[PDB]
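Asks:
2 protein chains.
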Amino acid sequence: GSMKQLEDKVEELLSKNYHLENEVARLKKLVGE
Amino acid sequence: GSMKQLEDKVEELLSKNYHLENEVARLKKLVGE
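Chains as they are written, first to last, in the authors' numbering: chain A, 1 to 33; chain B, 1 to 33.
#1: Would you report the Cα separation of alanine 25 of chain A and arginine 26 of chain B, rounded to the nearest angstrom?
#2: Does DSSP put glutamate 33 of chain A in a helix, a strand or coil?
#3: Cβ atoms of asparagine 22 of chain A and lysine 16 of chain B: under 9 Å apart, would you say?
#4: So, helix, strand or coil for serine 2 of chain B, using DSSP?
Below, the structure written as structure tokens:
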């Protein structure tokens, strides 16, 4: 089927999500300090 | 099965991803300007 299709999806977006979450914090401690 | 489980997953993370991507840009145009 396409089960692994959503698997890779959840994984790609999460990996991107993670880095975004990082950049958010980084920029935040910079501009708000 | 659990097809919709990964469906909601891809969707939740993406919705979160989206806002993170927003915050990244926001903070970036602030600290780097």
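Even for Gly, the Cβ is constructed at its ideal location relative to N, Cα and C.
Replies: Considering the structure as presented:
#1: Rounded to whole angstroms, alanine 25 of chain A to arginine 26 of chain B spans 12 Å at the Cα level.
#2: Secondary structure at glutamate 33 of chain A: coil, using DSSP grouped into helix, strand and coil.
#3: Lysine 16 of chain B is not a Cβ neighbour of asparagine 22 of chain A, given a cutoff of 9 Å.
#4: DSSP places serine 2 of chain B in coil when its eight states are reduced to three.
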